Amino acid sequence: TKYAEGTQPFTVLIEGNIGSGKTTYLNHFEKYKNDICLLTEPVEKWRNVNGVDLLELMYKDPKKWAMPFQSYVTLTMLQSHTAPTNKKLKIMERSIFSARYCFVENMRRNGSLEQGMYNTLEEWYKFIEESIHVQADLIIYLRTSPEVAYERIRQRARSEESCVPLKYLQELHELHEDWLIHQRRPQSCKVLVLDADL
């Protein structure tokens, strides 16, 4: 019996590249706040952990900070996935799945995570599968081109994200495609693909 088993309503995950518009999309559900559990914009936690900007440290020094940063991302997603609610619908920006299948995998490929750091994260993910219930009924994939994602990141202008290259976004895009369209990863709930290029 997994933690949070049987405590969760129908759950929708909003996924897509950085700057694909997940938060914007989720904001359209604001008026229904009282009948839907809405968990949006988790990046605000990652930018301020008792005053420490983990997001910033990760971009400035990935070889030292990518592992604790992804570890913290995993934790916050788990807290969101398992948060109690009386509401009959839950919608979340991101999930433990994109952290694992897109970001951790890309950080392994680009050398930010050494093999031993990657293995530690993967062993944690395997333990989480066995011990924590993660309700996932539908994924909405906000599909964009990396060039469009790049412009949205620029417009928003998070200081932490000011050095993020288009190449990084191309890499992440292919990983989201692998996972959400080509089903290359053992994640099999339903996926609705939306054209988020507008």
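All residue numbers refer to positions in the sequence shown, first residue = 1.
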*Residue range whose averaged C-alpha B-factor is higher in the record, 132 to 140 or 45 to 53*: 132 to 140
*Please work out which of 182 to 190 and 20 to 28 has the higher mean CA B-factor as recorded in the PDB entry.*
182 to 190
*Going by the CA temperature factor in the entry, name the top one among 120, 79, 110, 86.*
86
_Which third, lowest, middle or highest, does the C-alpha temperature factor of residue 145 belong to within its own chain?_
middle
*Comparing against every modelled residue in the chain, figure out the third that the C-alpha B-factor of residue 162 lands in (lowest, middle or highest).*
highest
*In terms of the CA temperature factor given in the entry, to which third of its chain does residue 40 belong: lowest, middle or highest?*
middle
